[PDB]
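Shown here is one chain on its own, the form deposited in one PDB entry, set out as structure tokens.
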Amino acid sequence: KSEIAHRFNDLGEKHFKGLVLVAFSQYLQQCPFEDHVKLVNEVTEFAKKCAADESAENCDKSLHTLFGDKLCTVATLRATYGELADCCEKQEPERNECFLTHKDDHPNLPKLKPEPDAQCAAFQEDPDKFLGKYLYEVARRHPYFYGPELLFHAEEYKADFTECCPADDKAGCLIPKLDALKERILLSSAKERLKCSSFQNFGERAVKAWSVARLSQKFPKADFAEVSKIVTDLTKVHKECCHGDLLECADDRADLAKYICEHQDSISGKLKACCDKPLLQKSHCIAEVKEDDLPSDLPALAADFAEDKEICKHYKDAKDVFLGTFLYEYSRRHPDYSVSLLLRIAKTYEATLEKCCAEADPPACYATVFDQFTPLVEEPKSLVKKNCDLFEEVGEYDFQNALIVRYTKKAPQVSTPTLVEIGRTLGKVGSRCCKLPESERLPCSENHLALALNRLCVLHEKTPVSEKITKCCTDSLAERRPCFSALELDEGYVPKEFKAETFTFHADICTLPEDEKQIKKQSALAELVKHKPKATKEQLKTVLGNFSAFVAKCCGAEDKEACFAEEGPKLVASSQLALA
């Protein structure tokens, strides 16, 4: 009768409010914290009235009518959000559709800097307001963050402050915890964005195919029926969340988590751990759960997928099922392949049946179908071993450097901050994945690269600058990585005009944390490539070494700025000669 009552009742006041805060922060990213709290409280008050009497006026309206109406009350909307006021003239679903379309993936808000005294203080004078603020700050920075999971991370954030605010060493307890929480936020943000990007750019059939492969790897003892059931339900969950319907998404997620733990015995022995937990931790745990051991009765596949004479009829009679089945089977036995590699193999199997079934004798044609997968598998294994060798020889900083050079050559039109962010994220894939046991390196690498490349695509959507990127981003989800890997120096590119200030450093740099020093150096590196696109990697590496050396010296100096001022312009001129 009243959706708002229903969700309120299912979720309870705490989570209802939390989720409704997230929604509003993500939709209206610039509004101050206080406006949002007020709007939340109001909606929540409405919900309570409806829970008391679902016949009451307007209680029957949809959530989005209700929430969309609420957002359209904010003061200074047309000033703050010029582009959004027009959305408020529209009805639903056209309205919500407009709000979504204008969500910002790179609002470039200030970085969230742990300030342990000020924060423990604010925490103590009002913990409820302190945690709301966290949800708000994160939601706003990541307008597609998986709602339910943000509530989860908010609990971890509360545990952090609970533990550390009364400790001997406040920052010793707290700054590493919050640094690791921020890594976990960024990674989770990037996983969820890929899901919503997959719905937007490729459709639900693409999200389902990804999720069949992934969950078949994770739960290889489950049967296909069960995998499909979970994938169907998980797909709806994310479709809701990616469409800003967070209350429905949370409720539906909890139903799923219950389902999974009721049937954990016929799903995976790894879920026991997770099913013994409170709600949000449980959901988090199932979502991140490790892959089960491979059953001893995995069926040989030749017979059904290469040898049977009826394949062409079966395939024609129901393509999506026959293929989904193939994908389930192949993926469950292949936790050692990435999801994209599995999807590229499925598309080749498909392509082989399309080809062979239109020929005179299909069975002799499709008899060698499994053999066409060999090169699909070797290419990425070889790439991962090569980049991991490099990573291990040179370390994170220089691997990031190598990737920054790589990406600037491929897309020299992209802004420097994007190239640097992206080269740095790509480089961290080496740190995450290369040290893992070797059978894990390919899946770790490609699954994480999908997250980084999607980020590039998402930023590119905002600020299109290169047709090569557009094409790689939109042609084929499964082929993205190979498509990006194949790009080379854009030759059409006119070297960017030399501007000496760009390469000109000052003593300000000396006071930065290491991190931020690297970014400054890494930004100059991209600029060196834009101006000398044909310089080799070996030349850029030497020239940047000379820049680091110079920065280290001048920062070690008696009179830092005089140092920078005398030595710098010479290095700037001479380094250009060392390039292309």
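Numbers follow the displayed sequence, beginning with 1. We call the rigid core whatever largest set of C-alpha positions still superposes within 1.5 Å between the two forms.
There is also a form deposited in another entry; it is not shown, and the following applies to it.
> Which of 273, 489, 171, 294 has its C-alpha displaced by 2 Å or more between this form and the one not shown after core superposition?
Replying inline: The only residue crossing the 2 Å threshold is 171.
>> Rigid core superposed, CA of residue 11 - does it shift 2 Å or more between this form and the one not shown?
In response: For residue 11, whose C-alpha is compared between this form and the one not shown after core superposition, the shift is less than 2 Å.
>> After superposing the rigid core, is the C-alpha displacement of residue 116 2 Å or more between this form and the one not shown?
In response: Comparing forms between this form and the one not shown, the residue 116 CA shifts at least 2 Å.
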